[PDB]
Amino acid sequence: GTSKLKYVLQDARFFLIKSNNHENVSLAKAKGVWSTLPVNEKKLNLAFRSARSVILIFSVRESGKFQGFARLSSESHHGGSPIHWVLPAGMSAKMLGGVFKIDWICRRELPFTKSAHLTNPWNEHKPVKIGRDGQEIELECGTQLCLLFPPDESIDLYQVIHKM
Ligand SMILES: O=S(=O)(NC1CC1)c1c[nH]cn1
């Protein structure tokens, strides 16, 4: 069903994450972590304190798809075990902010062709697939986008609900 998912998404905030490669999304799915540049790190930390759920929706550049979505479970923190991200050319690990813990809600893919009817008011009402890394997605658009993903029957949202 979709009822616990809708509960998790109620009054949530949504952010588009545009990964340079599949390897970084694979690492995030395996380890339950994400790291971003300080400009986005600051936005996500502010959002984490402001809302019952902050949802990251992931898309690998040139894939034509989203790869899933996850909920922030912490603010960013430094000093963990290093994560061997595959960084964009011209970028060192020192340029990253801290590490966010995340709980995956859906690890299934959604092709952009299925989200063509959804536009993001916070990005000039362009299709929600369009946006820079860290673009906030307005509540209604973000909720409908998440509801379009195939259900991920491997995930039990009971655990996610208790952290809210
Ligand atoms: O270099 S990043 O700020 N973070 C990670 C490498 C994991 C980034 C690039 N594209 C989206 N986010």
Side-chain angles (χ1 to χ4, degrees), residues 1-22 24-30 32-37 39-41 43-44 47-48 51 53-61 63-74 76 83 85-88 91 96-97 99-100 102-113 115-131 133-139 141-157 159-161 164:
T2 62
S3 286
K4 284 201 294 294
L5 174 55
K6 289 172 170 178
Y7 185 84
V8 170
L9 295 183
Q10 204 69 248
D11 301 304
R13 297 180 68 177
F14 303 86
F15 294 85
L16 182 63
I17 299 302
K18 284 278 170 83
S19 178
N20 47 322
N21 53 57
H22 279 288
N24 292 332
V25 169
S26 174
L27 277 164
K29 282 177 174 180
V33 292
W34 191 246
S35 189
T36 192
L37 280 164
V39 63
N40 287 336
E41 186 192 12
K43 290 163 35 148
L44 293 181
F48 184 80
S53 294
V54 179
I55 304 296
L56 303 188
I57 309 174
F58 288 86
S59 172
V60 173
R61 284 223 151 90
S63 69
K65 303 171 179 153
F66 304 96
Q67 280 70 38
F69 60 98
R71 180 186 174 281
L72 291 188
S73 68
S74 74
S76 71
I83 300 150
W85 304 116
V86 174
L87 279 315
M91 200 195 164
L96 291 167
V99 173
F100 292 89
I102 61 178
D103 289 308
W104 286 86
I105 300 174
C106 176
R107 290 189 177 83
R108 315 265 318 257
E109 293 191 305
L110 182 78
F112 289 167
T113 52
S115 65
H117 61 291
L118 297 179
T119 54
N120 183 7
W122 304 148
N123 196 27
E124 310 181 21
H125 287 90
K126 292 173 168 159
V128 63
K129 73 170 183 196
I130 302 299
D133 181 57
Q135 169 72 60
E136 189 163 4
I137 302 166
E138 177 272 331
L139 168 72
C141 181
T143 300
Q144 292 313 314
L145 174 54
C146 289
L147 290 170
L148 283 176
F149 281 77
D152 186 343
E153 297 167 18
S154 77
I155 288 177
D156 189 350
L157 289 184
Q159 324 278 1
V160 167
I161 284 182
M164 318 189 37

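The basis for the numbers below is simple: all heavy atoms, side chains too, and nothing from hydrogens, waters or symmetry mates. Just so you know, residue 1 is the first one in the sequence shown, and it goes up from there.
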Problem set entry | Residues which pass ring pair (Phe, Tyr, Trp, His ring centres under 6.0 Å) with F58, listed by chain and number, not counting sequence neighbours | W34, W104

Seminar exercise, completed: Closest non-hydrogen atoms of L145 and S115, given as atom of the first, atom of the second and distance, are CD1-CB, 3.9 Å

Exercise. Does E41 reach the side chain of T36, with side-chain heavy atoms less than 4.5 Å apart?
Worked result: yes

Problem set entry | Heavy-atom side-chain proximity of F112 to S59 below 4.5 angstrom | yes

Exercise. Under 3.5 Å, side chain of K18 to main-chain N/O of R61, donor-acceptor pair present?
Worked result: no

Exercise. Hey, is the main chain of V8 close enough, under 3.5 Å, to the side chain of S53 for a donor-acceptor pair?
Worked result: yes

Seminar exercise, completed: Sequence neighbours excluded, the answer for side chain to side chain donor-acceptor pair (under 3.5 Å) partners of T2 is none

Exercise. Does the side chain of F66 reach to within under 4.5 Å of the side chain of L148, using non-hydrogen atoms?
Worked result: no

Exercise. Is there a side-chain contact between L5 and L157 (heavy atoms, below 4.5 Å)?
Worked result: yes

Problem set entry | Minimum heavy-atom distance between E109 and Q67, given as atom pair plus value | OE2-NE2, 3.3 Å

Exercise. What heavy-atom pair brings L110 and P150 nearest, and what distance separates the two atoms?
Worked result: CD1-CD, 4.5 Å

Seminar exercise, completed: Value for CD1 (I161) from NZ (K4), rounded to nearest 0.5 Å, stands at 6.5 Å

Problem set entry | Any donor-acceptor N/O pair, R107 side chain to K29 backbone, under 3.5 Å | yes

Exercise. What are the two closest heavy atoms between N24 and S19, and how far apart are they?
Worked result: CB-OG, 3.8 Å

Exercise. Do you know which two heavy atoms are closest between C141 and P121, and how far apart they sit?
Worked result: CB-CD, 4.5 Å

Exercise. Do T143 and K6 have side chains that get closer than 4.5 Å, going by heavy atoms?
Worked result: no

Seminar exercise, completed: salt bridge (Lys or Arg N to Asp or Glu O under 4.0 Å) filter on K126, not counting sequence neighbours, yields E124

Exercise. Residues two or more places apart in sequence or in another chain: which of them pass side chain to side chain contact (heavy atoms under 4.5 Å, CB included) with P127?
Worked result: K129, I130

For this session: Work out which heavy atom in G134 is nearest to a heavy atom in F15; give both atom names and the distance.
Result: O-CD2, 3.5 Å

Seminar exercise, completed: Rounded to the nearest 0.5 Å, the CH2 atom of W85 sits from the CG atom of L96 at a distance of 8.5 Å

For this session: Kindly compute the distance separating CG (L16) from CG (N123), expressed to the nearest 0.5 Å.
Result: 9.0 Å

Exercise. Which value, rounded to the nearest 0.5 Å, describes the distance between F100 atom CZ and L56 atom CG?
Worked result: 8.0 Å

Exercise. Can you tell me how far CG of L72 sits from CG of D103, rounded to the nearest 0.5 angstrom?
Worked result: 9.5 Å

Problem set entry | Nearest-0.5 Å distance, CD of residue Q135 to CG of residue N40 | 10.0 Å

Exercise. Do any N or O atoms from the side chain of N120 and from the backbone of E138 form a donor-acceptor pair under 3.5 angstrom?
Worked result: yes

Problem set entry | Close side-chain approach of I137 and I55, heavy atoms under 4.5 Å | no

Exercise. Does the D133 side chain pair with the main chain of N20, one donor and one acceptor, at a distance under 3.5 Å?
Worked result: no

Problem set entry | Verdict with supporting geometry, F149 and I57, side-chain contact (heavy atoms from CB on, under 4.5 Å) | CA-CA 11 Å; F149 281 77; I57 309 174; 4.1 Å; yes

